[PDB]
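# What the coordinates show
Spelled out, the chains give:
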Amino acid sequence: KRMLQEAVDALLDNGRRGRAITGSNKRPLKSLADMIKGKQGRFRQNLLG
Amino acid sequence: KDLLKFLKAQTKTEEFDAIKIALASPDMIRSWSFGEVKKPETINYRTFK
Amino acid sequence: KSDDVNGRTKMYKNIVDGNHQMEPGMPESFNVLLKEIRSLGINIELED
Amino acid sequence: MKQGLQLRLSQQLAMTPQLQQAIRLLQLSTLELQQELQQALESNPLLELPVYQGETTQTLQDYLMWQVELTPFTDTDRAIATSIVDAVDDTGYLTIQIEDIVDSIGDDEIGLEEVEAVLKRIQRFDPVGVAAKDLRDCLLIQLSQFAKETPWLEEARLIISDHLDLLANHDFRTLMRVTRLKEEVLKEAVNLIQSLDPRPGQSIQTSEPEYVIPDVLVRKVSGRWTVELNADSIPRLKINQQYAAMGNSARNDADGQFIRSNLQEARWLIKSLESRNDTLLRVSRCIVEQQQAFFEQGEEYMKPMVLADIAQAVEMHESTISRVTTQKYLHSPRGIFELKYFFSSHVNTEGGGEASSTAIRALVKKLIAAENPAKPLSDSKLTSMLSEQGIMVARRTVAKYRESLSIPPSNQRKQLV
DNA sequence: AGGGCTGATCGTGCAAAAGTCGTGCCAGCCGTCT
DNA sequence: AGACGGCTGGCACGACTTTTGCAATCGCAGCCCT
């Protein structure tokens, strides 16, 4: 259950808690909040990008 | 179906004024979706279906 | 000229017929935003 | 040392057939075996953006829909046209009949004449191949698009009108007698029909993603190379050593017993994986014992292969080898083939030899390549050629190989020069 | 005080009925030549 | 213009494959029934 709660947290926000990386890449993943926030979120490129 | 109003009903939108935001509850969460996912499989390479 | 799928065809027809009339409808990216917001524990909808 | 039914020695072995052992064999389920292993490892305690262009034409179906919508059509007319466009196959022929379309309309005012008029307006659509009928109708549309200066256009039209059966059976005598066809005029008409763009919708669907699985490798660099059968893709999963130590350190005796049972299951899984790897290696060695000979000799020079003989050479259980052969693929420098395709059918051959059915089929295909284009080689001629090759295969065997090779009928494949 | 008896742990096969293929062979038919 | 021929394909019979449907009895001994 602790694994499951951690996984759900990472799915929501990986940058806040935990570090998930892809195969052969150490970069973090783009969680459901990552594509909302930052320069590469939905709100960006929404302002007529 | 008379096949004449079915197509026109597809191209329709409401006023959509006064957008509102709130918290989520499991019952209505169940309401939006139609299906329950139990398996982690995404696609089969045997038939690509 | 935006993601309005039901508007690009109609503007093209209005041009080729020389109508030059536009109906806004709704951008699809707004629906994208709504769908991704509803992916988390937050309700969001548009009233009348 | 030839006495019979003497004192019986005590048996020092058992069959010990376990459903666990059979599942361990998994009939070499490969990716399916990987999925089953994943499911078990999940059930076993203490075990273990992109570019996204998203841009493509909808096989011109979207283009056709836009063009029909681009043309001025009434709301009911637009709906009828959209329904007709929906009844379009990839080849470009209508799947449903006009009566089926009228029934789907479900309007008493809707009639056969109006539906036909709508289809005819739809028939002259934006791209080629919008006939939604037989290619002969599509051929007529192309000829209408083609210049009238083309020779034998009237003759081709007359043949396609009601002499299509004569053309299908390649009955040149009766067709010429009925249509007063001139000598070599049929050749010109056939050449024109060659440039008719049959199955035009196929060319529109230019996109075709490739699908292939690595499975076994037959690279065989410098001969007899141990090309691993996707060793990278092999799971080789192991149980959690830390959790096992926790189970070993469990205070509760029942918890320790449960951990011991889990460890026994993990050992069973490890034995299964090791057995799978060993079977794969042994099968690779057995294949390499003769695979290079078959590869160098060629497909037509393929010796028969017996599953029992291969198992005897490997000295393993014959049923085990048969199960391993199932659902197994072996990519090779020549190409990717199934393990059954890797095995060879048994057929008698002359001079004290055994010839594969695939070998005979490839020889027959090579012979068919060396044939007169005007007149296809007869099955009797194929049997004569096989007798020349000395493969001890008669007319029936030649016909079976041709069916394997999908050889066309002699009369059907026959054509003018 | 004496009998019943209960579950831990107990590891690469095979065969037998079924199926399926190799091979041959006959029956008709159409293209044909007489 | 009816028969020659070759094809094709169904029909049959042996010969090779192959798949699934198959696991007790322990030797401990304490607990429960008699």
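Reading the values: rules and limits
- Residues numbered from 1 in each chain as written, not as in the entry; some residues may be left out.
- Chains lettered and ligands numbered in written order.
- Part of a larger assembly, values for the part shown.
- Heavy atoms only, no water.
- Residues with missing side-chain atoms left out of burial classes, pairs and counts.
- Helix = DSSP H or I, 4+ residues; strand = E, 2+ residues; numbered from the N terminus.
- Contact = heavy atoms within 4.5 Å.
- Nonpolar A, V, L, I, M, F, W, Y, C, P; charged D, E, K, R; others polar.
- Pairing = 2+ DSSP bridges.

The deposited coordinates, according to the entry record, derive from cryo-EM at 5.8 Å resolution.

### Digging into the overall build of chain C
What chain C contains, in helices and strands, is two helices and one strand. Each principal axis of the C-alpha distribution contributes one length, and for chain C these read about 50 × 20 × 10 Å.

### Notes on the overall build of chain A
A count of helical and extended segments in chain A gives one helix and two strands. Projected onto the principal axes, the alpha-carbon positions of chain A cover approximately 40 × 25 × 15 Å.

### Details of the interface of chain B and chain C
Tallying the contact residues gives nine residues for chain B and eight residues for chain C. Looking at side-chain class alone, the side of chain B that touches chain C contains seven nonpolar, no polar and two charged residues. As paired elements, strand β1 (residues 19-23) of chain B and strand β1 (residues 42-46) of chain C share five bridges and run antiparallel to each other. Considered in β1 of chain C, the bridge of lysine 20 of chain B is made with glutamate 45 of chain C.

### Here's the deal with unusual backbone geometry
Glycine aside, a negative phi is what most residues show, and trans is what most peptide bonds show. Residue and element names in this part refer to chain D. Residues other than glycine seldom take positive phi values, yet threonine 16 does so here, at roughly 55°. By secondary structure assignment, the location of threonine 16 is in the segment before α1 (19-25). Residue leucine 26 is not a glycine yet carries a positive backbone phi of 60°. Topologically, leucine 26 is positioned in the loop between α1 and α2 (31-43).

### Description of the arrangement of the chains
Contacts are most numerous, across the two pairs of chains in contact, for chains B and C. With no contact between them, chain A and chain C keep their nearest C-alpha atoms 7 Å apart.

### Focus: the sheet that holds strand β2 (residues 329-331) of chain D
Overall, mixed pairing links the three strands, which are arranged β1-β2-β3 (chain D) in an open sheet. This sheet does not close on itself; its edge strands, each paired only once, are β1 (216-217) and β3 (336-338) of chain D.

### What to know about the pairing of strand β2 (residues 25-28) of chain A
Where a strand is regular, its side chains alternate between the two sheet faces. Residue and element names in this part refer to chain A. As paired strands, strand β1 (residues 21-22) and β2 are joined by two bridges and run antiparallel to one another. The residue of β2 that forms the bridge with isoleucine 21 is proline 28. The turn joining β1 and β2, which pair antiparallel and follow one another in sequence, is formed by two residues; a positive phi near 60° is taken by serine 24.

### So, the environment of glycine 256 of chain D
Residues and elements named next belong to chain D. As for its placement among the helices and strands, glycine 256 is situated in helix α14 (residues 253-297). Sequence separation of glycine 256 and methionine 246 is ten residues, and the distance between their C-alpha atoms is 9.2 Å. Excluding residues within four positions of it along the chain, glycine 256 makes contact with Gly247 and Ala250.

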